[PDB]
Asker: 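Sharing a structure with you now.
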Amino acid sequence: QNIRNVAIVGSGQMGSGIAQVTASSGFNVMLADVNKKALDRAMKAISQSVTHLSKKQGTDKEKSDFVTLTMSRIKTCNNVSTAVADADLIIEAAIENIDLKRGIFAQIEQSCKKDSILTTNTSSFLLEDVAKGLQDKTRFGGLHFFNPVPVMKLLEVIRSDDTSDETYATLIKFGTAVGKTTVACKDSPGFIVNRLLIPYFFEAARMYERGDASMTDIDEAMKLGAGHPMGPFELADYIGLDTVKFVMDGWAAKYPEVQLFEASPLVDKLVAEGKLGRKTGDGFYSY
Amino acid sequence: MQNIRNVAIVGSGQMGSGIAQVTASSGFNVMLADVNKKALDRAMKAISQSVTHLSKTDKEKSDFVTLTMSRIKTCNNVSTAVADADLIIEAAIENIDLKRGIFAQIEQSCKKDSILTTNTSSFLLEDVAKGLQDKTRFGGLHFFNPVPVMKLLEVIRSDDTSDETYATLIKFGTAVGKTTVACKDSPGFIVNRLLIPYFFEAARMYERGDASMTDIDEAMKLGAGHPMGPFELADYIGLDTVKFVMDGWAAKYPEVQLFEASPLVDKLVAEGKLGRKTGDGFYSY
């Protein structure tokens, strides 16, 4: 009932993944990015993915109508203020840089409707910190989707210390309407999934640095013994060694009493060499 | 193998008969030993059923089942069980006194060059082997349940395990169809050492009031692709087991903040709610 029009700021992988599922679920989407070329690449990829996905779901015509109708609900705009002026729900999905996210929320709030809900997709920062400059924080919250968004069912919905119950309940309801399985978390570093997987990866690295077991043995053991789809070093390569490094460095300094948070000489050495994992074709492993 | 032809296994619980099964199927002779005849007859029946099932050529298959089962003999006395054994695997209840008693019995009767191993995940090999005269011939074979289906074998050396003993163990692990990984006698080896503290981190998250228990579970299943979530997984290991393990780590490494006990876990264990085995834990079964 309350949300019919969604604006999404950021047309990188997660932003356009969000626009894809939001539009497929029947909402109108406004996709904003000042980078006009990224905006174009994103629209093409949404189109290719929605066409591709439509195949599995009635008749041939019936598939092709779905595609056209879905795409018709996605519009683009190169200006953040213009794009958010009339949205009920606004989702920031920009890279993990806190000052950039703040800058963007400053611009959103100069232009958005009073009763509109504002969300961030971040996992690297606290909602309280992203939201620090806002006039109304009772309408701000977190929608942490997982890449690739059209494939992953999970959605972490996060309340800061100010999110109203009204805002929260609407977020949970939006998550469910876009086909997600929501789980509720508070503004705590790493929410549920990172707060647990990242220190687990750091523990595997520590075990390796002690010389207790080899790197590929550890990975094999977790895959075969715990039935995980990836072993922890692969998982790190997949998240990015620069992300895991930055998140852990952040926690270490912010919670100084938490012994579990600590940097790893081995992770730092790889990042210092620019072996950042899958994304650069080299991390713990090569690709 | 050239060296290993006879394997004795003591304990006919789930792990011991799974071991007996994959060992016999790989073409070794197995003696399975337990003082309790009911347990043994139960194990022999489970094994033949598991072998029949997995076998599914219509004679060719009957013959495999028969030949496989012909390579397993049973025995109600530790000393008779080990008399001709090249390798002995102890797969008893996680009770250190009990394990040590079995090794005092093996040692009275086993061959002079036979290899001795425990399957334990609850105790340091240095503790299990403390009474032994030749620690150079001793090591760990930590299989995973259900053994006929789980590929992983943790092969553990203590401080005294000889290079030759360790090489025979890795070679044996591979011969019975497993993927071996190498570990030292460090607490929890590889899997428990990573999983058990991850489970405590989850219980601590929950105890902090940050998220609910079923959301934490659903998050790890859907977000990380784990087959079970941490609370579910604790219930499956048994909470008394994960409590006991983590208690021992805490006692030994009192400066390691990661090993702190959880009140929640203590409460459930105090009440006898031990997870899947008492049909209660974090969830009801």
Side-chain angles (χ1 to χ4, degrees), chain A residues 56 220-221 223-229, chain B residues 1-77 80-92 114-115 117 119 141-155 168-181 225 227-228 236 276-277 285:
Chain A
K56 293 178 178 179
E220 191 76 297
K223 272 202 283 312
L224 300 172
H228 298 317
Chain B
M1 287 169 74
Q2 292 178 335
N3 284 331
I4 310 308
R5 300 191 174 165
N6 302 148
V7 182
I9 290 168
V10 188
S12 67
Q14 202 189 347
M15 299 301 293
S17 45
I19 294 158
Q21 165 165 343
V22 303
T23 298
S25 295
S26 305
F28 295 89
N29 303 320
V30 178
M31 179 73 56
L32 176 56
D34 203 305
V35 294
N36 178 19
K37 292 179 182 186
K38 294 179 178 179
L40 203 36
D41 280 324
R42 292 181 183 161
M44 287 304 281
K45 181 179 182 180
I47 293 164
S48 65
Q49 291 183 346
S50 203
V51 172
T52 295
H53 171 72
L54 281 159
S55 80
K56 298 160 167 197
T57 322
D58 299 5
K59 289 197 204 164
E60 298 302 326
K61 314 191 136 175
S62 63
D63 294 16
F64 175 82
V65 161
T66 283
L67 172 77
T68 292
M69 298 308 301
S70 84
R71 284 180 187 126
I72 303 177
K73 286 173 182 186
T74 61
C75 177
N76 66 28
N77 176 313
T80 308
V82 304
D84 297 332
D86 298 314
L87 171 73
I88 302 133
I89 309 173
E90 173 269 308
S114 64
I115 293 165
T117 60
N119 83 332
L141 291 185
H142 174 54
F143 292 87
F144 287 76
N145 193 32
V147 182
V149 146
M150 301 284 276
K151 194 87 191 153
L152 187 71
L153 177 56
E154 282 177 312
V155 173
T168 309
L169 296 179
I170 289 275
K171 181 153 138 97
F172 172 82
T174 297
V176 289
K178 299 305 178 200
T179 297
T180 62
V181 299
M228 304 182 84
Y236 161 83
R276 263 177 209 202
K277 64 175 167 224
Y285 304 84

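Side chains included, hydrogens not; waters and symmetry mates left out as well; all remaining heavy atoms used. Chain A is the first sequence line, chain B the second, and so forth, proteins listed ahead of strands; every chain is numbered from 1.
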Asker: Show me, pair by pair, the donor-acceptor contacts under 3.5 angstrom made by side chains of residues 4-13 of chain B, not counting sequence neighbours?
Answerer:
| from | atom 1 | to | atom 2 | distance (Å) |
| --- | --- | --- | --- | --- |
| B:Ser12 | OG | B:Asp34 | OD2 | 2.9 |

Asker: Quick one: side chain to side chain contact (heavy atoms under 4.5 Å, CB included) partners of B:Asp41, sequence neighbours excluded?
Answerer: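 Checked B:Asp41 against side chain to side chain contact (heavy atoms under 4.5 Å, CB included); zero matches.
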Asker: Taking side chain to side chain contact (heavy atoms under 4.5 Å, CB included) as the test, write out the residues that go with B:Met150, two or more places apart.
Answerer: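 If we apply the side chain to side chain contact (heavy atoms under 4.5 Å, CB included) test to B:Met150, skipping adjacent residues, the hits are B:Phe144, B:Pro146.
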Asker: Using the side-chain contact (heavy atoms from CB on, under 4.5 Å) rule, take B:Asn119 and B:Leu141 through it: C-alpha gap first, then chi angles, then the decisive distance, then the call.
Answerer: CA-CA 5 Å; B:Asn119 83 332; B:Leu141 291 185; 5.6 Å; no
Asker: Could you check if a side-chain atom of B:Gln21 sits within less than 4.5 angstrom of a side-chain atom of B:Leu54, using non-hydrogen atoms only?
Answerer: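 B:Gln21 reaches B:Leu54 side chain to side chain.
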Asker: Salt bridge (charged side-chain N to carboxylate O under 4.0 Å, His left out) with B:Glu154: which residues, sequence neighbours excluded?
Answerer: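 By the salt bridge (charged side-chain N to carboxylate O under 4.0 Å, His left out) rule, B:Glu154 matches no residue at all.
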Asker: Got a sec, which residues hit side-chain hydrogen bond (donor to acceptor under 3.5 Å, both in side chains) with B:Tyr285, two or more places apart in sequence or on another chain?
Answerer: B:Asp235
Asker: Partners of B:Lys151 by side chain to side chain contact (heavy atoms under 4.5 Å, CB included), sequence neighbours excluded?
Answerer: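 With sequence neighbours excluded, B:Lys151 shows a side chain to side chain contact (heavy atoms under 4.5 Å, CB included) to A:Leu224, B:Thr179, given in chain and number order.
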Asker: For the NZ atom on A:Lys223, are there more than 12 heavy atoms of other groups (residues, nucleotides or ligands in this structure) within a distance under 6.0 Å?
Answerer: yes
Asker: Tell me the closest heavy-atom pair linking B:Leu32 and B:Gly16, and the distance in Å.
Answerer: CD1-O, 4.4 Å
Asker: Without swapping roles, check the side chain of B:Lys178 against the backbone of B:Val147 for a donor-acceptor pair under 3.5 Å.
Answerer: yes
Asker: For B:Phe172, give me all partners under ring-ring contact (aromatic ring centres under 6.0 Å, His included), at least two apart in sequence or on another chain.
Answerer: B:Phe28
Asker: What residues, two or more places apart in sequence or in another chain, satisfy side-chain hydrogen bond (donor to acceptor under 3.5 Å, both in side chains) together with B:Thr168?
Answerer: none
Asker: Under the side chain to side chain contact (heavy atoms under 4.5 Å, CB included) test against B:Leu87, which residue among B:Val82, B:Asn3, B:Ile115, B:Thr23 passes?
Answerer: B:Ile115
Asker: Anything under 3.5 Å between a donor and an acceptor, one on a side chain of residues 67-76 of chain B, the other on a protein residue two or more places apart or in another chain? List them.
Answerer:
| from | atom 1 | to | atom 2 | distance (Å) |
| --- | --- | --- | --- | --- |
| B:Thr68 | OG1 | B:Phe64 | O | 3.0 |
| B:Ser70 | OG | B:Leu67 | O | 2.8 |
| B:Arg71 | NH1 | B:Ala24 | O | 3.4 |

Asker: Decide if atom CZ of B:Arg42 counts as having more than 12 heavy atoms of other residues, nucleotides or ligands within a radius under 6.0 Å.
Answerer: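 12 or below, so no.
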Asker: Taking side chain to side chain contact (heavy atoms under 4.5 Å, CB included) as the test, write out the residues that go with B:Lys59, two or more places apart.
Answerer: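 Checked B:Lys59 against side chain to side chain contact (heavy atoms under 4.5 Å, CB included); matches are B:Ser62, B:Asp63.
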Asker: Please enumerate all residues that pass salt bridge (charged side-chain N to carboxylate O under 4.0 Å, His left out) together with B:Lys277, with sequence neighbours excluded.
Answerer: B:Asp240
Asker: Partners of B:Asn145 by side-chain hydrogen bond (donor to acceptor under 3.5 Å, both in side chains), sequence neighbours excluded?
Answerer: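 So B:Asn145 forms a side-chain hydrogen bond (donor to acceptor under 3.5 Å, both in side chains) with B:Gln14.
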Asker: Show the nearest heavy-atom pair for residues B:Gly18 and B:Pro148, with the distance to one decimal.
Answerer: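 Reported closest heavy-atom pair: CA-CD, 4.0 Å.
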